[PDB]
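Protein chains in written order, with the deposited numbering: chain B, 33 to 539; chain A, 456 to 546. Every residue, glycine too, gets a C-beta built ideally from N, C-alpha and C. What follows is a short report on a single structure.
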Ligand SMILES: *C(=O)CCCC[C@@H]1SC[C@@H]2NC(=O)N[C@@H]21
């Protein structure tokens, strides 16, 4: 056998992976293989695979046998482009040793992370594993340590996107916790530290795989996964479109893309969304959809902390992040869960120079022992900090209510905001007229007259505007045009801040 | 219009350029009835719709040439979005 023949056989084996019968199982299971997934993700013909001939060096427990020598060692790594833009990817291959992590496995992933940091290119990981490769022992633990170090170092330098498309257990579960966004695939992906076998052995509780770490749990109740997609093909199609929003590095401005939607059009549909009756809820999403370019909005965690809306959109071609209250759910009140989702989203957009638009309608905080015992004070400070720290353009629109300390938490002008607009129905106060009059006028005669006088003077947007809290009071139909104008002039804004070794968010 | 065919053709055009979104509307029914061969000829009785749609309204039925035009439009529009996605400011 010649050298060239050996090489050709090594290429064909790396392409097959764990063997055709294991591929057949993956397809029976409704899953794509690691190499098929890359072909869908990246532009045709743009993918360049690295280190395809790397094999493990473990010789213990029979691992020195030729029957265990799978070139590629369970990961596909390399670089490519999505719509002409450079991206680094890796995808874990479940057909070779179960997708378990070896020393060399982690290495290959680390090397492309080092290039991505060096050139300033994003990294997308497609995760699917069973955990560490116990046959090597502590080399897989060193593998995890090296990946974790890169994931932390890359934070704020390049965006890191993780899509989980299968099981995930052991140390693998912490890389999505270090990246910026985590997505899952409904009823196909799992994310858990230990399996149901350990849970039942430790505590006398019964649980199945879908209940312990299923995609529905992590997108609806734990707040870990940002969005689950129906299947592998739809998940990668939406991932490509999501990719188009983000810059390649934090040194880059928010991407600007060709846009046909005139920036100066009016939106008459906004003038009557907000009811005059204070106890009538409305859907904030109707406002978000009508303002954003071509009515396209990418919603993050649609099923978790529904009282606050966060997501991506484009206005006049430029990527922006949108945060707003949802009065339809829990009167639009802040709670622990909403503060966690908000702070994380805001922090990402600030780090990568993506402007923020805030739609405020918040009557206060959710009362009760469930929130007080949960540390609502500690968690609420997370959203206040996330806005106060921001140095990217911030445009706030107040649609109806902003009572109490929630006014400042939801990116008020006094946290170094750029512009703040009020709609005619906006009301800014420490509390509603009923509470304020009962406290201010206590024991006096003709309280009912005092109630009428207070409402006429303070139950509107004027006592705040005349003080400099609001820059203008605008007709809702003009909101989009007003925001577009601010975005196109604040984009070159820089501010100074004292030197710090690093930030100290309340956590 | 000046004649029966001009008024009907102009009506067909107005219905396709008439944007209603947010509710369910009945434009599909209006657009098909006015182009029905019995309506253009005039063989209309007060029970016209009950004999044309004996099993309910189903929607406009496409012929061979119309399906090819719809597929060509849908495919070209799909690509038009894919090409717009590639036009970035110069970095
Ligand atoms: C009735 O008296 C209950 C009042 C609750 C109104 C809302 S709920 C959360 C905010 N906190 C508060 O004191 N008022 C607001």
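Q: Note down the Cα distance separating residue 287/B from residue 278/B, rounded to an integer number of angstroms.
A: Within the first chain, the letter at position 255 stands for residue 287/B. Within the first chain, the letter at position 246 stands for residue 278/B. When only Cα atoms are considered, residue 287/B and residue 278/B end up about 7 Å apart.
Q. How about residue 373/B and residue 336/B: do their beta carbons lie closer than 8 Å?
A. The sequence position of residue 373/B within the first chain is 341, counting from 1. The sequence position of residue 336/B within the first chain is 304, counting from 1. Yes, the Cβ-Cβ distance between residue 373/B and residue 336/B is below 8 Å.
Q: Identify whether residue 283/B lies in helix, strand or coil by the three-state DSSP scheme.
A: Here residue 283/B refers to the residue found at position 251 when the first chain is read from its first residue. Residue 283/B falls in the coil class under three-state DSSP.
(Q) Checking the sheet assignment: what are the DSSP bridge partners for residue 343/B? (A) Position 311 of the first chain, counted from the first residue, corresponds to residue 343/B. Paired residues: 331/B and 354/B.
Q. Quick one: what's got a C-beta closer than 8 Å to residue 131/B's C-beta in the same chain, skipping five residues either side?
A. What you label residue 131/B is simply residue 99 of the first chain in a count that begins at 1. Taken in chain order, the residues that qualify are 106, 124, 125, 160, 161, 162 and 198.
Q. Nearest CA to the CA of residue 519/B: which residue from 180/B, 285/B and 102/B?
A. Start at 1 with the first residue of the first chain, and residue 519/B comes out as number 487. Sorting 180/B, 285/B and 102/B by C-alpha distance to the C-alpha of residue 519/B places 285/B at the top.
Q.
Please confirm whether residue 540/A has its beta-carbon closer than 8 Å to some beta-carbon of chain B.
A. Residue 540/A sits at position 85 when you count from the first residue of the second chain. At least one CB atom of chain B sits nearer than 8 Å to the CB of residue 540/A.
Q) With DSSP run on the structure shown, which of helix, strand or coil describes residue 459/B? A) Counting from 1 along the first chain, the entry for residue 459/B is found at position 427. Residue 459/B: strand per DSSP, three-state reduction.
Q | Three-state secondary structure assigned by DSSP to residue 298/B | A | In the first chain, the residue the question calls residue 298/B occupies position 266. Three-state DSSP puts residue 298/B in coil, outside helix and strand.
Q. Exposed or buried, what is residue 310/B when buried is set at 16 or more other beta-carbons lying within 10 Å of its beta-carbon?
A. Translated into positions along the first chain, residue 310/B becomes position 278. Flag for residue 310/B reads exposed.
Q. What residues in its chain sit with their C-beta under 8 Å from that of residue 173/B, if we drop five residues either side in the sequence?
A. To locate residue 173/B, count along the first chain from 1; it is residue 141. So the list reads 164 and 203, once near-sequence residues are dropped.
Q: Tell me whether the beta-carbon of residue 511/B lies closer than 8 Å to the beta-carbon of residue 306/B.
A: Walking along the first chain from the start, residue 511/B turns up at place 479. Walking along the first chain from the start, residue 306/B turns up at place 274. The answer is no: Cβ separation not under 8 Å.
Q.
Less than 8 Å between the beta carbons of residue 397/B and residue 366/B, yes or no?
A. For this step, residue 397/B is matched to residue 365 along the first chain. For this step, residue 366/B is matched to residue 334 along the first chain. Taking 8 Å as the Cβ cut-off, residue 397/B and residue 366/B qualify as a contacting pair.
Q) Distance, Cα to Cα, residue 410/B vs residue 438/B? A) Here residue 410/B is taken as the residue at index 378 of the first chain, counted from 1. Here residue 438/B is taken as the residue at index 406 of the first chain, counted from 1. For residue 410/B and residue 438/B, the distance between alpha carbons rounds to 14 Å.
**Q.** Contacts around residue 299/B, its chain only, beta-carbon distance under 6 Å, and the 5 residues preceding and following it disregarded
**A.** As a working note, residue 299/B is residue 267 in the first chain. Residues 322, 509 and 512 of the same chain have their beta carbon placed closer than 6 Å to that of residue 299/B, with the five preceding and five following residues left out of the count.
**Q.** Simplified DSSP assignment, three categories, for residue 369/B
**A.** For the purposes of this step, residue 369/B is taken as residue 337 along the first chain, with counting starting at 1. Three-state DSSP puts residue 369/B in a helix.
Q: Compare the C-beta of residue 543/A against all C-beta atoms of chain B and say whether one is closer than 8 Å.
A: What you label residue 543/A is simply residue 88 of the second chain in a count that begins at 1. Residue 543/A has a beta carbon lying within less than 8 Å of a beta carbon in chain B.
Q.
Starting from residue 176/B, trace the alpha helix (DSSP H) in both directions and tell me its first and last residue.
A. Taking the first chain and counting its residues from 1, one reaches residue 176/B at position 144. Following the DSSP letters along the chain, one finds residue 176/B inside the alpha helix (DSSP H) bounded by residues 171-185.
Q) Per DSSP, what kind of secondary structure is residue 499/A in: helix, strand or coil? A) If you number the second chain from 1, residue 499/A lands on position 44. Coil at residue 499/A, not helix or strand.
Q. Comparing the CB of residue 359/B with every heavy atom of ligand 1, is any distance shorter than 7 Å?
A. One-based indexing of the first chain puts residue 359/B at position 327. In this structure, residue 359/B has its CB at a distance of at least 7 Å from all heavy atoms of ligand 1.
Q: Report the neighbours of residue 287/B on chain A: residues whose CB is nearer than 7 Å to its CB, in chain order.
A: Your numbering for residue 287/B matches position 255 in the first chain. Residues of chain A passing the Cβ test: 543.
(Q) Taking the alpha carbon of residue 343/B as the reference point, which residue from 375/B, 506/B, 313/B and 59/B has its own alpha carbon closest? (A) Taking the first chain and counting its residues from 1, one reaches residue 343/B at position 311. The shortest C-alpha to C-alpha distance from residue 343/B to any of 375/B, 506/B, 313/B and 59/B is the one to 375/B.
Q) How many whole angstroms separate the CB atoms of residue 136/B and residue 86/B, which I take to be in contact at a CB cut-off of 8 Å? A) As a working mapping, residue 136/B is identified with position 104 in the first chain. As a working mapping, residue 86/B is identified with position 54 in the first chain. At roughly 6 Å, the Cβ-Cβ gap stays under 8 Å, so residue 136/B and residue 86/B are in contact.
Q) Within the chosen definition, does the segment 71-88 of chain B reach the segment 108-119 of chain B through at least 3 CB pairs nearer than 8 Å? A) Contact between the segment 71-88 of chain B and the segment 108-119 of chain B is present: three or more C-beta pairs spanning the two stretches fall below 8 Å.
(Q) Is the beta carbon of residue 65/B closer than 8 Å to that of residue 55/B? (A) By 1-based counting over the first chain, the position of residue 55/B is 23. By 1-based counting over the first chain, the position of residue 65/B is 33. Result yes, Cβ atoms of residue 55/B and residue 65/B sit closer than 8 Å.
(Q) Let me check you understand the geometry: is the CB of residue 363/B closer than 7 Å to at least one non-hydrogen atom of ligand 1? (A) Residue mapping note: residue 363/B aligns to position 331 of the first chain, counting from 1. Residue 363/B: yes, Cβ under 7 Å from ligand 1.
Q. Can you list the beta strand (DSSP E) stretches of 3 or more residues lying completely in the segment 99-135 of chain B, in chain order?
A. List check, beta strand (DSSP E) in window: 107-114 and 117-124.
(Q) Alpha carbons only, please: which of 370/B, 349/B and 229/B is nearest the one belonging to residue 254/B? (A) Locating residue 254/B in the first chain gives position 222, counting from the first residue. Residue 254/B has its Cα closest to that of 370/B, out of 370/B, 349/B and 229/B.
**Q.** Local Cβ density within 10 Å of residue 192/B, reported as buried at 16 or more and exposed below that
**A.** Sequence index remark: in the first chain, residue 192/B carries index 160 (1-based). Flag for residue 192/B reads buried.
Q) How long is the line joining the alpha carbons of residue 219/B and residue 142/B, rounded to whole angstroms? A) Taking the first chain and counting its residues from 1, the one referred to as residue 219/B is at position 187. Taking the first chain and counting its residues from 1, the one referred to as residue 142/B is at position 110. One C-alpha to the other measures close to 30 Å.
Q: For residue 439/B, name the three-state secondary structure that DSSP assigns.
A: Walking along the first chain from the start, residue 439/B turns up at place 407. In this structure, DSSP gives residue 439/B a helical state, which the three-state scheme calls helix.
Q.
Helix, strand or coil, according to DSSP, for residue 511/A in the structure here?
A. As a first step, residue 511/A is located in the second chain; it is residue number 56 there, counting from the start. Looking at residue 511/A - three-state DSSP - the assignment turns out to be coil, as it is neither helix nor strand.
Q. Which residues of chain A have a Cβ atom closer than 8 Å to the Cβ of residue 157/B, listed in chain order?
A. The sequence position of residue 157/B within the first chain is 125, counting from 1. Chain A residues near residue 157/B: none, gap ~23 Å exceeds 8 Å.
Q) Which of helix, strand or coil does DSSP assign to residue 433/B? A) Sequence index remark: in the first chain, residue 433/B carries index 401 (1-based). Under the three-state reduction of DSSP, residue 433/B is assigned to strand.
Q. Straight-line CA distance for residue 84/B to residue 108/B?
A. Residue numbering aside, residue 84/B sits at position 52 when the first chain is read from its first letter. Residue numbering aside, residue 108/B sits at position 76 when the first chain is read from its first letter. When rounded, the distance between both Cα atoms is 8 Å.
**Q.** Beta-carbon neighbours of residue 284/B, restricted to chain A and to distances below 7 Å
**A.** By one-based count along the first chain, residue 284/B stands at place 252. Here the neighbours are 546.
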